[PDB]
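Presented below, as C-alpha cells, is a lone chain in the form deposited in one PDB entry.
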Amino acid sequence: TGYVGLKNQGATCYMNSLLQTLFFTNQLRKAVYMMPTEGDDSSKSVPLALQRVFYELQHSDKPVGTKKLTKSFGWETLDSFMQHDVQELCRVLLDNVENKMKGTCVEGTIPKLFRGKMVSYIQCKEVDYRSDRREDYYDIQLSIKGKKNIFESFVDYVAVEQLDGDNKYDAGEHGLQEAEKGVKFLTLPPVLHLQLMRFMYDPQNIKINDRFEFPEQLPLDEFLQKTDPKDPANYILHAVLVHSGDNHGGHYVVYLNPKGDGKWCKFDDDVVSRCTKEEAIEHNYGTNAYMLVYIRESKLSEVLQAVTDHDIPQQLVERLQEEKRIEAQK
C-alpha cells in the first residue's frame, strides 16, 4: 500500500481510526503543517502533536505512536475514551487547529472544509407566526433504528415534527398553538462527516447492529432548499469507520480510499492492507459502520491535493527530528 499504520497503545478506541481519516484529508494536512508552532510546548500543545503524528505518518516506515497526543489534550482516565464519542474527539481536535490557524495564511481552512448551513424553524398552524433560525454544523448525526438506508435517514432528518396538544408550542404572545417544527439544509460542506446512531439510551447504552446500507455515490440535491446548476451536491464515499463488538468491548477499524480513486485499504491499528470495495462498503452494512466521510465530487481534487515532502516547512522538520534524537536514549 505504501502507507503506515498507528500503534495500539491502549484503549484509544476510535482515535486511531479518526486520525487516519484526518491524515487523508490532504488540504487539512497541508494547512496543519502551516501552523506557527515553533514557540509551543513539546507535550502540552495539541496542534504540535497533530503535526508530529501527521509528519510521522508521512515519513515513518514503522508504525507511529500517539501518547504525546493523548497527553496534549488530556484524556487519560481509564474510560475517557470509552465514554466520549467520535464527534467529540474530532471537535477537540479541529477546534485547537481552527484557532491556531488564525491571523495566518491558512486561517479559516477548518470552516472551509467542514462547516455547513442549516435553517431550523417552528411555524404555528392556526394562528400565523414563524420562527426561522440559521445554524452552522460541522457534522451530522443520523438515526438508523427502523431505517434501511441513508436516504431514509436524510428524509427522516428533514421530516416535519408535530407539536400536538399536551405538547403544543409556547407562541407566548399567541398562546398555545399546535405547530409543525422542521429543519432544512441551505448548504453542505466540501467534506461530509456523517455519524450513525448505533448507541441508544435507557429503555432498560445498547449498540444497535441492524442492517443499514449506504452508497459509494450520494446525491443530496433533493435535501437542499435551493439547488444550483453547475455545482450539484454529489458526494463520493471516502472512508468508512467500523467497529465490531458491543457496549462492553470491541475492535475499531477504518476502511479508506485515500485518493478517492476507489482503491480501498483497511487500516487495522498497525496493519494496513489492500481490500475489495465489497469489504469496505457492503460488508459493513450489518462488523458495521458508525461514521462515514463523503467528499463533494467538485471538490475531490482540491481536497485530496498531492502532498509533497517539501510542503512541510523546514523549521518544523528540524524540530521534530530533534525530538526523535533525544527520545532515542535508553
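We number the residues from 1 along the sequence you see. Take the two forms, superpose them, and find the largest set of C-alpha atoms that agree within 1.5 Å; that set is the rigid core.
- Across the other PDB entries of this protein whose models span the neighbouring residues, residue 203 goes unmodelled in a third or more.
- Where residue 286 is followed by residue 287 in the displayed chain, the model omits 10 or more of the deposited residues that sit between the two.
- Going from residue 204 to residue 205, the model skips 1 to 3 deposited residues, which lack coordinates.
- For the segment pair 163-171 and 147-155, the entry gives 163-171 the higher mean B-factor, averaged over Cα atoms.
- When the mean C-alpha temperature factors of 292-300 and 39-47 are read from the deposited coordinates, 39-47 comes out higher.
- Residue-level inspection of the entry shows that, of 225, 141, 257, 109, 225 has the top Cα B-factor.
- Each of 187, 195, 234, 131 has a CA temperature factor in the record; the biggest one is found at 131.
- In the PDB entry, a CA B factor belonging to the highest third of its chain's modelled residues is recorded for residue 316.
- Residue 4 sits in the middle third of its chain by CA B factor, as recorded in the PDB entry.
- Ranked within its chain, residue 238 lands in the lowest third, by CA B factor from the PDB record.
- Residue-level temperature factors show residue 11 in the highest third of its chain, judged at the C-alpha atom.
- Residue-level temperature factors show residue 245 in the middle third of its chain, judged at the C-alpha atom.
If you look for the form deposited in another entry, you will not find it shown, but the lines that follow are about it.
- For the residue set 186, 127, 197, 160, core-aligned C-alpha shifts between this form and the one not shown reach 2 angstroms or more at a single site, 127.
- The Cα shift for residue 41 between this form and the one not shown, taken after rigid core superposition, is 2 angstroms or larger.
- In a rigid-core overlay of the protein, residue 146 has its C-alpha displaced by under 2 Å between this form and the one not shown.
- Taking 2 Å as the criterion, residue 88 does not count as shifted between this form and the one not shown: its C-alpha moves by less than this amount when the rigid core is aligned.
- Relative to what is shown, residue 42 and residue 20 are closer in the other entry; their C-alpha atoms differ in spacing by at least 3 Å.
- If you compare C-alpha positions, residue 69 and residue 39 are 3 angstroms or more closer together in the other entry than in the form on display.
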